[PDB]
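Engineer: Shown below is the structure under consideration.
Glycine gets a Cβ as well: all are built from the backbone with ideal geometry, and neighbour counts include every protein chain shown. Numbers and lists here come from the model and the stated rules, or from a named source; no laboratory instrument gave them.
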Amino acid sequence: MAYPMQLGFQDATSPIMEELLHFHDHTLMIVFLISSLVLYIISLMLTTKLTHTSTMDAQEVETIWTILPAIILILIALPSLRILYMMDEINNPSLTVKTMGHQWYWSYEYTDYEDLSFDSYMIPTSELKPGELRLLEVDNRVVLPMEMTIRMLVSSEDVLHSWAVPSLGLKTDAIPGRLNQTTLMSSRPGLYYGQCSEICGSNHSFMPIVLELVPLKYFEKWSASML
Amino acid sequence: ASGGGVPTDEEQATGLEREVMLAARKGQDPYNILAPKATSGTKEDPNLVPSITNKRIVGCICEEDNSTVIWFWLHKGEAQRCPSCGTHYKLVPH
Amino acid sequence: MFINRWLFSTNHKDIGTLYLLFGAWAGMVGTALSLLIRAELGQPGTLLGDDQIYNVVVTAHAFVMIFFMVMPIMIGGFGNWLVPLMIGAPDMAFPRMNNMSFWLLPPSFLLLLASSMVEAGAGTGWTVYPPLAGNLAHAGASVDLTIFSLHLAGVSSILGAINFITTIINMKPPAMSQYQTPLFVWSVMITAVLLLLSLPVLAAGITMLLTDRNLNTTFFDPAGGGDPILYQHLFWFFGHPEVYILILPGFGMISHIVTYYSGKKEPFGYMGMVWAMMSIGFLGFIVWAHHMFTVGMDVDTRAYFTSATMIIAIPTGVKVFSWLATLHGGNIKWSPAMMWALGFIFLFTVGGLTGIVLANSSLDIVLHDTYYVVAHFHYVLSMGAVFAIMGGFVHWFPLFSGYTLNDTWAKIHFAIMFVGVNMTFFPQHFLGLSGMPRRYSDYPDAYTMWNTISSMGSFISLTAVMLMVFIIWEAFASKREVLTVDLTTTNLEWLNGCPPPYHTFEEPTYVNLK
Amino acid sequence: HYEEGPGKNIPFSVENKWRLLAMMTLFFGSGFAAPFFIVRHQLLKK
Amino acid sequence: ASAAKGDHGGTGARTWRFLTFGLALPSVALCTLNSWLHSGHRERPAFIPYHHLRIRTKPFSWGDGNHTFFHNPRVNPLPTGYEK
Amino acid sequence: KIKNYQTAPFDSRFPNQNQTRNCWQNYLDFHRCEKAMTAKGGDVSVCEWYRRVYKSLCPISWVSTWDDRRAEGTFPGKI
Amino acid sequence: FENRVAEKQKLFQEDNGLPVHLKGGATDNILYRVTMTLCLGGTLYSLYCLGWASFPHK
Amino acid sequence: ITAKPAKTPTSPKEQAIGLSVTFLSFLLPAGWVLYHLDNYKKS
Amino acid sequence: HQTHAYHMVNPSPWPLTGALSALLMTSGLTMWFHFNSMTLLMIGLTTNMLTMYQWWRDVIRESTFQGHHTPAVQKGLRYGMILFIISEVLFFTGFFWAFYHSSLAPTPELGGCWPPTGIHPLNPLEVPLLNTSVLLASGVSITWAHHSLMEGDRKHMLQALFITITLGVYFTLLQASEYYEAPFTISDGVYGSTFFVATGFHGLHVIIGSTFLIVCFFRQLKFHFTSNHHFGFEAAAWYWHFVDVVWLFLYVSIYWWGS
Ligand code: HEA
Ligand code: HEA
Ligand SMILES: CCCCC/C=C\C/C=C\C/C=C\C/C=C\CCCC(=O)O[C@H](COC(=O)CCCCCCCCCCCCCCCCC)COP(=O)(O)OCCN
Ligand SMILES: CCCCCC/C=C\CCCCCCCCCC(=O)O[C@H](COC(=O)CCCCCCCCCCCCCCC)COP(=O)(O)OC[C@@H](O)CO
Ligand SMILES: CCCCCCCCCCO[C@@H]1O[C@H](CO)[C@@H](O[C@H]2O[C@H](CO)[C@@H](O)[C@H](O)[C@H]2O)[C@H](O)[C@H]1O
Ligand SMILES: C[C@H](CCC(=O)O)[C@H]1CC[C@H]2[C@@H]3[C@H](O)C[C@@H]4C[C@H](O)CC[C@]4(C)[C@H]3C[C@H](O)[C@]12C
Ligand SMILES: C[C@H](CCC(=O)O)[C@H]1CC[C@H]2[C@@H]3[C@H](O)C[C@@H]4C[C@H](O)CC[C@]4(C)[C@H]3C[C@H](O)[C@]12C
Ligand code: CUA
Ligand SMILES: [O-][O-]
Ligand SMILES: [Cu+2]
Ligand SMILES: [Mg+2]
Ligand code: NA
Ligand code: NA
Ligand SMILES: [Zn+2]
């Protein structure tokens, strides 16, 4: 989850999210460098009483400041697209889970074997147990096996929603009539939080997502008990 | 087939359209449709700038293909020079 | 006479003045809505109500700022005032149709205000996506009034685009080629081409939403074989060109301001600037699905849209470097308009660069529908389009009015606004990277510090807006009349005096061919 | 014809700066006030 | 293509009148014959209350709310089937 | 033939993020197979793979609506 | 039909200071008044309708 | 630019009045609405 | 007095009455869709027609009767009309995109096929082919009208323009009959939606274009056009060819390929 005064991304919980962190570090360095260069050059242009107001020939220097940005863009696009196609690669999941968005909560279906499904609603602020997080906890968490490739399928039974979990690098829109797929793999046990990420009406801010990542044998027994 | 009955512009153009038409036929351009062609622009052979008043704005494209046009009021009297290239212009009021 | 002049106008200057007044009033509305947003978010918990009232405010904020403040001021206001003067033309090509472009806007605005007064308002986002905006989740008249508001604004701008393109192509001095017209005129021509091509597609999409809502069509409804995502394509096919429409006249005014207060007779690299604006205009039509990287599109389509979007940095970079090269060697005049333009160059660059971050579809999965997007577009809109509007307003106010502003007050105003907008939006990058979603009325507790700071920033910007009104009042109250303006040889719009006569260029300029 | 010159090419009078202050106050104030009163209207509906 | 016709020399009123009466209106006449010749009602198919057809998410703003604007009782079933 | 089914495998026909048609096709295939069998006398057991795949992939409400429409005679796919 | 454009040209070029939308004669003023009355009255009526629609009606 | 001295100079006191009136025209009506928000919500 | 060739237009009320008619039509549609009343809408349609009539009347006064359409002014009007047609093309492009989006990827609700289960399309070789021949023929006859006008031939201009209008009317009547006879409706899912909204806006443009041709017919009867100056006729002909080309795209896309 996010923590107070956080500046950057939530710590990565999945290898893909780790890849995104390093790619963001690379891109932000370039962003910093170019912004700072432009600010510096502005100050340089403005700090001399020397003048030169006659016509200036442009041809030579426009080569520099076309070719240099083109090279920089290529230096961004290459790692960007590598991660894109990595995130797309075939992986062979062990488990498929569906989630359906609704106004205003998520339901989950685990129907590889038995017909397991339940609804997952925000815990009202007045009912939080001590130490629980305002607007983030749910009554029924999305229990999942850690260290395993999971296929998430996402849809909606009413308006648009979007199913997100920032620390896993996931955001898949929930569209009625459409079954969108993403894959999820947590390197660690724990609790990982997300929030509805497409405006969906009166309680858009109040339909969060909580994944609970545990060893397979715990997930199996939990699954059985949820039937 | 064939036959007539459609008026011509000669017959039926009126107002400013007709003035422009009749002037063009005489080779004249009172409504500034054409670009004037430059003289050599010396003080001896200044560009001659018609006006219906005693001043008119000139735009000077000093060199072929300059994208910057140099604009100034030209007043009745002694020829004036473009402030960028010095080419001469003289107002001819009428 | 008053009605003939101000309701029946066929005069490009008076119609420009009408647009500037309309846009200034809209700007107050838009500012009030922005303060309601930030009041709701300025402490954790709920201030106004749930997300419906909150997102009616957000939705109206955006529509007002875009369609009633920026476009009327830049295109209807500076465009009508300056384009005919900068080409020596005696008015617009269609001076009477021009007046209808203006008068469609108060009705368009009335329809938007009606949408927020009836039922529970249109709490849809300015993108108006179905099915939230459809007749089950937004039953009643509010969304239809919003659609009709957009229809009228769209007709206004399409007819205005026809007027500007025709005027700029057809009414220059016969010796003046397109490569002898000023960059602001180019910027308006290209913006008008974008308006002409993109707004009809928006009109098509929102008409389909209207019939899905009222005539039982199902363009966007899966039950009939429709698709919500089709709406998104049609909307963003307009909506990406629209953001270039919002900035291009700003680029044009920045070129004139930087050139003027550098003491230069011309911008650096004129044909490069023309090339860059045309390139940006063209590339702005082939990138729209970067608004759709999380909807489930195939990976090769995501790779194409990532790459095509990033290319626009190259022509845009040529413009930024050319503005810097215009400053180079200048006799710099530190006027208030120059300060707006310098702040523009830097802060626009920052927002353009976070836009390049977002163009990466892999990273956009995590940034999409978060405040990192909000930060990107307010750097280019609140510190780009708005800074160009303020710079142009302070630079050309003496031309339009015949009176001078107090330059010390105008610099104070710039200083306050600069602090305010940066305090508002810079922390929103942190909120975005750390996962705060868009269109939320309240947030998990961890996000409190940057939301508090951001809201405090928005109040500083409010103080700047109030001070702007006083500064305009003080100028009209004191009546310091303009005498001499420098550099008229390369700023033709000043050469008829301040204010110019009702009719200018009754006798056209003399320009020979040589 | 129409009046020309500073203070005459506008639809509002600048002949008295205090009347002008009132007019500008009503003009910009009404635009800034409107969203607050629409919010109130929506709150007092339900 | 050059189509298969032939003239020019001058494209003029006479040529376009020739095309109007010699090609365009004869083609309209032929298609009019073809059409008013294949008219004659088709059998209306069995009514099936498919959920993607006869959509009603809001009543129409005319009539009883349930009839389309150019409703033809012979061939346009209502959501509950053919009327009367 | 033997089981050990865990979940639906990658299917090269549906390699992209939109999996709507994968659910639909396997639903059709199951019910087509099942109709074929219950006729000629044979065993719906041969249809089982399609049944497992569509149950894995398809939202419960989609299956339920499609089942209701088949019973109603309003299912628009060909079975 | 005979060509009466010349007499229309005389009428609409008469030096009488009238704007083109009124220069045909009294019929222009009547049609103008009808149009503007419908527009302004209809606009007031639309504002009444907004007033009506802005509030809940049992 | 050069300009004439003000035709109708606006003294510092006059500017203080114009600035005060301008700020109050924005702040009072919104302040009234926000002060009475609870009144609105409760109702 | 001016010494350029452009037109300074007298101050005019029609921009304002046009803008207000737009307010009345849109608020009128809202009232019709949500408050069961046609009143505002009928006022808006009436003031809209009044505005268009008086505005274009004044343009005729300014040109035929006052002589303000110099060649430079006409050239601007040519660009204006071309740009207007371009915006109309892009408007139709949105509906063609909707049609191809839905028909190339038919969803499960349709049966996963195009045309959808339960849709029985019109035969494109019957009335739709007839309407194609009708608009193509009208494109030939309007070209004859244009050449007759340029050659100074009043009678054959009028004959050809009358034939063009008659064909426009024939198309509209055929299309109205086919709308009544069609066994599917606008509420028949995305097939009906795309079919009727796209051909419906096309039919509206045929009516607009026919009205514009009729205006030209009566102006021609009153001798307004000269053999060299007749931009209103040229504009109506360009608009008419645009309506014909949109029909050809609809016929190939929706009636034929989409059947
Ligand atoms: C004035 C308005 C404006 C402008 C000009 C832009 C310009 C750009 N925008 Fe922006 N954008 C918006 C307004 C604008 N945007 C809005 C409103 C939204 C949100 C819509 C909504 O959902 O409501 C948005 C959303 C948006 C998204 C969607 C993100 C999401 O929703 O998840 C993306 C993604 O690619 C994007 C990218 C860019 C890019 C690459 C540019 C480029 O044009 C920027 C190019 C400029 C530079 C790069 C800086 C100058 C260049 C140099 C100094 C050269 C060297 C630089 C490099 C080598 C990189 N924008
Ligand atoms: C031009 C566009 C523009 C501008 C200028 C602004 C300016 C501001 N915006 Fe907004 N905003 C949007 C367009 C804009 N915004 C859009 C498109 C959205 C997305 C909507 C959606 O999600 O659907 C958005 C969303 C948005 C949000 C996110 C809401 C959410 O996700 O829940 C927030 C929150 O802080 C915000 C705040 C502000 C603030 C505090 C300002 C302030 O900086 C404003 C300060 C005041 C000014 C800048 C004055 C403006 C007036 C003039 C310039 C008149 C000048 C007068 C003369 C020239 C005479 N905006
Ligand atoms: C040649 C013969 C036909 C000619 C054209 C006839 C009508 C054209 C009218 C306008 C067309 C514009 C689109 C309106 C949308 C739908 C009309 C589609 C064409 C049509 O007429 O569709 C009819 C339905 O009309 C209906 O719903 C309701 C029809 C009336 C309601 C119109 C609602 C207003 C539409 C809003 C317009 C917004 C425009 C914005 C433009 C902005 C541009 C910048 C089909 O009838 P049916 O009974 O369903 O099926 C036949 C069964 N036997
Ligand atoms: C949901 C319902 C929404 C309804 C919204 C409706 C809103 C608008 C109400 C429209 C009222 C229109 C009244 C007639 C306007 C005629 C304009 C015209 O004809 O303008 C002409 C120029 O535009 C030209 O040519 C070429 C351009 C002609 C455009 C004609 C009008 C188009 C109006 C609709 C545009 C829709 C765009 C659709 C495509 C997306 C002439 O220009 P003027 O400056 O007048 O004169 C110049 C003088 O020299 C002439 O002698
Ligand atoms: C986001 C934009 C708004 C920014 C913040 C505005 C700053 C507010 C300025 C003051 O506004 C006033 O505040 C008073 C309180 O100080 C209110 O008086 C209220 O409270 C008083 C004191 O309790 C009573 O005397 C009054 O009757 C009662 O109306 C008064 O109505 C309101 O106009
Ligand atoms: C040829 C054309 C106009 C030159 C003129 O007639 O004045 C110029 C103007 C801007 C130029 C372009 C811009 O300077 C940007 C690019 C700069 C690179 O150095 C070459 C390609 C590049 C894309 C240039 C190609 C070409 O020289 C352009 C397109
Ligand atoms: C996004 C749009 C489909 C819109 C729709 O669903 O209605 C589609 C239609 C044609 C597509 C393009 C064409 O298929 C051509 C290219 C194919 C490449 O594999 C991706 C880029 C590529 C340039 C495509 C991008 C995108 O998928 C496009 C533009
Ligand atoms: Cu569900 Cu937002
Ligand atoms: O839109 O960027
Ligand atoms: Cu974009
Ligand atoms: Mg989203
Ligand atoms: Na809050
Ligand atoms: Na011709
Ligand atoms: Zn020179």
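Engineer: Could you say which residue among C:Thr301, C:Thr294, C:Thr370, C:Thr349 is polar (S, T, N, Q), more than 16 Å from ligand 12 (Cβ to nearest atom) and under 22 Å from C:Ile254 (Cα atoms)?
Structural biologist: Criteria check complete, one pass: C:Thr349.
Engineer: For segment A:53-77, give me the residue count where each residue is surrounded by 10 or more Cβ atoms within 10 Å (Cβ to Cβ), away from ligand 1 (no atom under 11 Å from the Cβ) and not β-branched (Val, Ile, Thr).
Structural biologist: 3
Engineer: Name the one entry in A:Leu116, A:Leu170, A:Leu144 that is in contact with a helix residue (DSSP H, G or I) (Cβ under 8 Å, 6 or more places away or on another chain) and at the interface with chain C (Cβ under 10 Å from one of its Cβ atoms).
Structural biologist: A:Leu170
Engineer: Are any of the residues in segment F:8-16 of a type in the set (A, V, I, L, M) and part of a helix (DSSP H, G or I)?
Structural biologist: no
Engineer: Right, something else. Here are some residues: E:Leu30, E:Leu23. Which one is more than 7 Å from chain I (Cβ to nearest Cβ), of a type in the set (A, V, I, L, M), surrounded by 12 or more Cβ atoms within 10 Å (Cβ to Cβ) and touching a residue at least 12 places away in the same chain (Cβ under 8 Å)?
Structural biologist: The match here is E:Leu23.
A quick yes/no check of all residues on (1) over 28 Å from A:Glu220 (Cβ atoms); (2) away from ligand 1 (no atom under 16 Å from the Cβ); (3) more than 14 Å from the chain's Cα centre (by Cα):
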position	(1), (2), (3)
A:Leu135	yes, yes, yes
A:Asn140	no, yes, yes
A:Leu144	no, yes, yes
A:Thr149	no, yes, yes
A:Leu160	yes, no, yes
A:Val165	no, yes, no
A:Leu170	no, no, no
A:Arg178	yes, yes, yes
A:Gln181	no, yes, yes
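Engineer: Would you check if A:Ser223 is assigned to a helix (DSSP H, G or I), small (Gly, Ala, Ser) and either within 11 Å of another protein chain (Cβ to nearest Cβ) or away from ligand 14 (no atom under 16 Å from the Cβ) (or both)?
Structural biologist: When the stated conditions are applied, A:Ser223 passes them.
Engineer: Separate question: With respect to the numbered conditions (1) among the polar types (S, T, N, Q); (2) touching a residue at least 24 places away in the same chain (Cβ under 8 Å); (3) surrounded by 24 or more Cβ atoms within 10 Å (Cβ to Cβ), which one is the sole condition not fulfilled by C:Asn216?
Structural biologist: (2)
Engineer: What number of residues within segment A:193-216 are in contact with an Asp or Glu (Cβ under 8 Å, 6 or more places away or on another chain) and more than 10 Å from every other protein chain (Cβ to nearest Cβ)?
Structural biologist: The number of residues fulfilling the criteria is 1.
Engineer: Just to be sure, is A:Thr63 in a loop (DSSP other than H, G, I, E, B), away from ligand 2 (no atom under 16 Å from the Cβ) and in the same structural domain as A:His24 (by CATH)?
Structural biologist: In short, no.
Engineer: Here is a follow-up. Taking segment C:465-505, which residues are within 7 Å of another protein chain (Cβ to nearest Cβ), of a type in the set (A, V, I, L, M) and closer than 19 Å to D:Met24 by Cα?
Structural biologist: Correct list: C:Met466, C:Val469, C:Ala477.
Engineer: In addition: Select from segment C:1-13 the residues that are assigned to a helix (DSSP H, G or I) and buried (at least 22 other Cβ atoms within 10 Å of the Cβ) and write down the one among them that is farthest from the other protein chains (Cβ to nearest Cβ).
Structural biologist: So, considering only residues that are assigned to a helix (DSSP H, G or I) and buried (at least 22 other Cβ atoms within 10 Å of the Cβ), the one farthest from the other protein chains (Cβ to nearest Cβ) is C:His12.
Engineer: OK, next. Within segment A:82-154, which strands (runs of 3 or more DSSP E) (wholly inside it) include 1 or more residues that are of a type in the set (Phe, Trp, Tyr), more than 16 Å from ligand 9 (Cβ to nearest atom) and free of Cβ contacts under 8 Å to residues at least 60 places away in the same chain?
Structural biologist: So the answer is A:105-110.
Engineer: Picking from C:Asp91, C:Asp51, which residue would you name as being over 23 Å from C:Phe393 (Cβ atoms) and among the charged types (D, E, K, R)?
Structural biologist: Exactly one of C:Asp91, C:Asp51 is over 23 Å from C:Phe393 (Cβ atoms) and among the charged types (D, E, K, R), namely C:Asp51.
Rundown of residues vs (1) within 16 Å of ligand 10 (Cβ to nearest atom); (2) β-branched (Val, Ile, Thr); (3) within 30 Å of C:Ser255 (Cβ to Cβ), yes/no style:
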position: C:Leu152; (1), (2), (3): no, no, no
position: C:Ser177; (1), (2), (3): no, no, yes
position: C:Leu183; (1), (2), (3): no, no, yes
position: C:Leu197; (1), (2), (3): yes, no, yes
position: C:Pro200; (1), (2), (3): no, no, yes
position: C:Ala204; (1), (2), (3): no, no, no
position: C:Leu210; (1), (2), (3): no, no, no
position: C:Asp227; (1), (2), (3): no, no, no
position: C:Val243; (1), (2), (3): yes, yes, yes
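Engineer: Restricting attention to segment D:3-26, which residues are at the interface with another protein chain (Cβ under 7 Å from one of its Cβ atoms), under 10 Å from the mean Cα position of the chain (by Cα) and either surrounded by fewer than 18 Cβ atoms within 10 Å (Cβ to Cβ) or aliphatic (A, V, I, L, M) (or both)?
Structural biologist: Those that are at the interface with another protein chain (Cβ under 7 Å from one of its Cβ atoms), under 10 Å from the mean Cα position of the chain (by Cα) and either surrounded by fewer than 18 Cβ atoms within 10 Å (Cβ to Cβ) or aliphatic (A, V, I, L, M) (or both): D:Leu20, D:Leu21, D:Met24.
Engineer: From the list C:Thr326, C:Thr294, which one is at the interface with chain A (Cβ under 8 Å from one of its Cβ atoms) and crowded, with 22+ Cβ neighbours inside 10 Å?
Structural biologist: Result: C:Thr294 is the single residue among C:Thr326, C:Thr294 that is at the interface with chain A (Cβ under 8 Å from one of its Cβ atoms) and crowded, with 22+ Cβ neighbours inside 10 Å.
Engineer: Hey, could you check segment C:202-238 for residues that are out of contact with any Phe, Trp or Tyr (no Cβ under 9 Å at 6 or more places or on another chain) and assigned to a helix (DSSP H, G or I) and say which is nearest to the other protein chains (Cβ to nearest Cβ)?
Structural biologist: C:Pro222
Engineer: Taking segment B:51-94 as the search range and keeping residues that are within 11 Å of chain C (Cβ to nearest Cβ) and small (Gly, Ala, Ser), which one is farthest from ligand 9 (Cβ to nearest atom)?
Structural biologist: B:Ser51
Engineer: Continuing with the same structure: Give just the number: which of (1) of a type outside the set (D, E, K, R); (2) in a helix (DSSP H, G or I); (3) within 30 Å of B:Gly15 (Cα to Cα); (4) out of contact with any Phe, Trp or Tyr (no Cβ under 7 Å at 6 or more places or on another chain) does G:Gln9 not satisfy?
Structural biologist: Evaluating G:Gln9 over (1) of a type outside the set (D, E, K, R); (2) in a helix (DSSP H, G or I); (3) within 30 Å of B:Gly15 (Cα to Cα); (4) out of contact with any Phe, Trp or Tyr (no Cβ under 7 Å at 6 or more places or on another chain) leaves (4) as the failure.
Engineer: What do you reckon, is I:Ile43 more than 16 Å from ligand 11 (Cβ to nearest atom) and surrounded by fewer than 18 Cβ atoms within 10 Å (Cβ to Cβ)?
Structural biologist: So I:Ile43 does not fit the description; no.
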